[PDB]
Amino acid sequence: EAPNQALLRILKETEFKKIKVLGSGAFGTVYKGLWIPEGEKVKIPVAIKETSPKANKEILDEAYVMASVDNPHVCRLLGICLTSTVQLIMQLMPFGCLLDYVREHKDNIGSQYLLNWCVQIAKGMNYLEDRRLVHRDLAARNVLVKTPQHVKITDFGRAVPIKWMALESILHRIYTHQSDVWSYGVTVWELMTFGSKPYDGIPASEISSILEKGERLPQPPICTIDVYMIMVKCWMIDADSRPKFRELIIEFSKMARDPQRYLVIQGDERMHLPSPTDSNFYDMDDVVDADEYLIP
Ligand SMILES: COC1CCN(c2nccc(Nc3cc4[nH]c(-c5cn[nH]c5)cc4cn3)n2)CC1
């Protein structure tokens, strides 16, 4: 098929400055930083993710997939630094992941924000389908928040989360774009429940039998039958019966026009989250967001 003419940028260690640590886990550590290219007179806020040969291959594969994407609703790789450890330099998503965001801000999250997020993920996911790319790990934890009004899909480690997986993926290890639709349904559930753990208390081994019986995630209280019907269609046994991402864009977009008709949240409209129209929302001299920094 079509040759992958993507450019992999090798960035110098001296070109960027690791401000602090955002979080550490099993993978290693993710830092907050600033990338100052050559003599460009720009400071780009970045996320730096940093020896065994096997771990280097895994991180280099994520870099390959990440450099091979370009969509406003997908995280792009800004470059890699070939140090003793090796690290992926990516766009800083200041508000962290959407799963933690909905949990920490439920009292200010309105129907407009929720439906708009659903559109943005369906759009990001429809892009990956265009680029013939199966995500295999879509969840609210793998959707990052640039601004409360702008989210992006991330984590291209896969290109096992049983509670996010389709039945074919659990039983036969089949991963299709329609298997991502199931994970999308679960992601939407995560958001509408403001961060609830799907199938809470139920062990992962029981999930397979539960779905086979016909059991599915409950109707979130804020959800109308219109929204829950979409979530249900995403969880069909027949993958071809599930909606396409191009249809999920259309469906959530229609709804996002009149949000209060499709999501019932007490105190809606009066609620507000930070915006570029806020006081001190963002040296702050010559700081540009990655989305505005492009080399020819
Ligand atoms: C799992 O442990 C922690 C990792 C860092 N977390 C965080 N806190 C604040 C901002 C932020 N921004 C951020 C995070 C990012 N993570 C990735 C990434 C995707 N795949 N691999 C790394 C890109 C990216 C951009 N901004 N992240 C908190 C949880």
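Residues numbered from 1 in each chain as written, not as in the entry; some residues may be left out. Heavy atoms only, no water.

- This entry lists X-ray crystallography as its structure determination method and reports a resolution of 3.10 Å.

Regarding the site of the ligand
And then number 1: The ligand sits among 15 residues. The nearest are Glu 62, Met 90, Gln 91, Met 93 and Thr 154.
And then number 2: Note that a nitrogen atom of the ligand is positioned 3.4 Å from one of the side-chain N or O atoms of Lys 49.
And then number 3: Contacts to the ligand include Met 93, whose backbone N or O atom sits 2.8 Å from a nitrogen atom.
And then number 4: Notes on the ligand: free accessible area 620 Å², of which the protein chains cover 74%.
And then number 5: Among the secondary structure elements, those contributing two or more residues to the shell around the ligand are strand 1 (16-24), strand 3 (44-49), helix 1 (53-67) and strand 5 (87-91).
And then number 6: Broken down by class, the residue content of the shell around the ligand amounts to eight nonpolar, four polar and three charged. (Near = heavy atom within 4 Å. Polar contact = N/O pair within 3.5 Å; in protein donor to acceptor, adjacent residues only side chain to side chain. Areas by Shrake-Rupley, 256 points an atom, 1.4 Å probe, with all protein chains shown as cover. Helix = DSSP H or I, 4+ residues; strand = E, 2+ residues; numbered from the N terminus. Nonpolar A, V, L, I, M, F, W, Y, C, P; charged D, E, K, R; others polar.)

Here's the deal with the domain arrangement of the protein chain
And then number 1: Domain annotation for the protein chain reports domain 1 (1-92) and domain 2 (93-280).
And then number 2: Relative placement of domain 1 and domain 2: their C-alpha centres are 26 Å apart.
And then number 3: Listed as interface residues are 15 residues of domain 1 and, on the opposing side, 21 residues of domain 2.
And then number 4: Counting the surface lost from both domain 1 and domain 2, the interface buries some 1600 Å², and carbon and sulfur atoms represent 59% of this.
And then number 5: The tally of links between domain 1 and domain 2 comes to one salt bridge.
And then number 6: The residue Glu 1 makes a salt bridge to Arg 132 at a minimum N-O spacing of 2.8 Å.
And then number 7: For the interface between domain 1 and domain 2, the tally reads nine residue pairs in polar contact.
And then number 8: Counting only elements with at least two residues in the side of domain 1 that touches domain 2, the list comes to helix 1 and strand 5.
And then number 9: The leading source of residues in the side of domain 1 that touches domain 2 is helix 1, at three residues.
And then number 10: Across the side of domain 1 that touches domain 2, the residue classes break down as eight nonpolar, four polar and three charged. (Domains from an automatic or database assignment. Contact = heavy atoms within 4.5 Å. Buried area = accessible area lost by both parts, 1.4 Å probe. Salt bridge = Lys/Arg side-chain N within 4 Å of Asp/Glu carboxyl O.)

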